[PDB]
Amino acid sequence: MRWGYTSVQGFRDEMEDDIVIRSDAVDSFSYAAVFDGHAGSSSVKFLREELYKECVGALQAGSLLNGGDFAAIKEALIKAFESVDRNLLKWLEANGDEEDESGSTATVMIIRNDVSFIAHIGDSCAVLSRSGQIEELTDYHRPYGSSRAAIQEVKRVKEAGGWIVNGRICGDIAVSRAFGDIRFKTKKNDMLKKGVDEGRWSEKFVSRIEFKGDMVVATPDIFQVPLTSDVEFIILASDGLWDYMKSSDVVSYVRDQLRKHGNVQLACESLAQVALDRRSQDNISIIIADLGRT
């Protein structure tokens, strides 16, 4: 397979997306990741190296990619995400500037040759084309909406003692899973107190709050995707694409580009420009795995 990738600032005043594509030829695997940072870049910077190291370390301990055990691979990937977040929060606490209020979502794909695994938190999305037809692979982690996934996130956020207004946890964050975001995790009580001093809430209001767990978590959903001959390409992208283009349209567009010139990098660059043409207001990051089939 071949990679196409692009990651551009677009119309935003800062670039907080990043992409990683790394391969181990000896162990026949690749790692691709889209990170969509928010409220600064410190979390993305941390992830850009730390997350690969931890995921690969976890998969190599016991040769998990080789022995075909999904449950074991899922366990390892979740543990890796959670470990990285714990270390990120420590880093944020020790290098804090507070607010360093940064965080990042993450959509990761590991491929080893016939199978791929997706590990996902947040609001980027991964999809594939199977015999011309789109299949969406990930679910958004949003504290609103009508999907089963949405209902479950709202349930979790509320059980943690959080509240939601206008689709935002504590009227603040509109994604319910992410790396970083320490004020919704280990520093949530300080958050409340800061809110009182700032005039967001009343002392009376915050005195009534009881937290039982983190409102935002870094625990990923893991998906197994066998790379059967009918799987033509896979796209990982940030919401700078998906918020501005229907996913079926994205897949059809990439299909057409590849038919036109067979060049996945060119296809990827063209797609990003189409997002901008459709007035995308966000950073845009896109990774396409062209599997050289159809």
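Heads up: residue numbers just count along the shown sequence, starting at 1.
Of the two segments, 46 to 54 and 252 to 260, the one listed with the higher mean B-factor is 252 to 260 (C-alpha atoms only). Here 72 to 80 and 112 to 120 are compared by their mean Cα B-factor, and 112 to 120 comes out higher. Among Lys185, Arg177, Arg148, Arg86, the highest C-alpha B-factor recorded in the PDB entry belongs to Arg148. Per the PDB entry, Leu64 shows the highest C-alpha temperature factor of the residues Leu64, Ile234, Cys268, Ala32. Remark: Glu136 belongs to the middle third of its chain, ranked by C-alpha B-factor as recorded. When the modelled residues of the chain are ordered by their C-alpha B factor, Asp27 lands in the middle third. Per-chain ranking of the deposited C-alpha B factor places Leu241 in the lowest third. Ranked against the other modelled residues of its chain, the C-alpha B-factor of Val165 as given in the entry falls in the highest third. Ranked within its chain, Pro143 lands in the middle third, by CA B factor from the PDB record.
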